[PDB]
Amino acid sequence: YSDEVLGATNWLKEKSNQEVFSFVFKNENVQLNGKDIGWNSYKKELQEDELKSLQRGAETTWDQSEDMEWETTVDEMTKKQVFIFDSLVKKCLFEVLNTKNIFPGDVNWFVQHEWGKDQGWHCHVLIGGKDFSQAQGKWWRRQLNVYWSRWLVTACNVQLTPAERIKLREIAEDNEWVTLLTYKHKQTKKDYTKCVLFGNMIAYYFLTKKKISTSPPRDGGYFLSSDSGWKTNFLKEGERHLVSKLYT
């Protein structure tokens, strides 16, 4: 019952019932003119000051949450790419917040990088607050996907022609590399944004995942998490499960 564990539990419990959007940031494999663009083909470290700061935050979040009791054989390239994506995802969120003149302190958010059985790397984002309403969900997904596709094309480490960069930009938008949780529906029928409950989804779902410690990653595992209160960031897997236990 460290102060960090108690602090995270309390912070989540206070936001147990806060409605938030659920997004997933992802990428998909692309081949353009024989050039293979895979999930980890975005390893340029762009020298924008904010992005650099965000990437350092991801690195230190990884470092502090690492359990050194056990060995970790995650590929260095994999870690690098995840740190970079953490910075890019958050840049996208912050760019849209700026568009709406939303003070970052008025926002609750949670980010978790995972490796899915079929899709591989992806990043869950829960985000909401007083300046948010359900009807804005579609707009948010579209805007986030604009910035996500823009940054991915900038960060891509594969040498691309201008025509190929534009094609890749189009693919990331048209194939919705940012998804929004909606209620189940029919292909023809309307899709309604499905808000989730912030604290509950974190404690009862995201904090139950198993930590990736190998390459290839364990199916369904998580790499790295963070939140707007820096509450879950530094927690080791064992501590995260304690938070779930105390939250109940």
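Position 1 is the first residue in the sequence shown; the rest follow in order.
Of the two segments examined, 37 to 45 and 183 to 191, it is 183 to 191 that shows the higher average Cα temperature factor in the deposited entry.
Here 141 to 149 and 74 to 82 are compared by their mean Cα B-factor, and 74 to 82 comes out higher.
Remark: of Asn27, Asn200, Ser213, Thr208, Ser213 shows the highest value [criterion: C-alpha B-factor in the PDB entry]. Reading the B-factor column for the CA atoms of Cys156, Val125, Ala135, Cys92 in the entry, the top value corresponds to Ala135. Among all modelled residues in its chain, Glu114 ranks in the lowest third by Cα B-factor. For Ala163, the recorded CA temperature factor ranks within the highest third of the chain's modelled residues.
Per-chain ranking of the deposited C-alpha B factor places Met68 in the highest third.
When all modelled residues of the chain are sorted by CA temperature factor, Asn98 is found within the middle third. Among all modelled residues in this chain, the alpha-carbon of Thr9 has a temperature factor (C-alpha) in the middle third.
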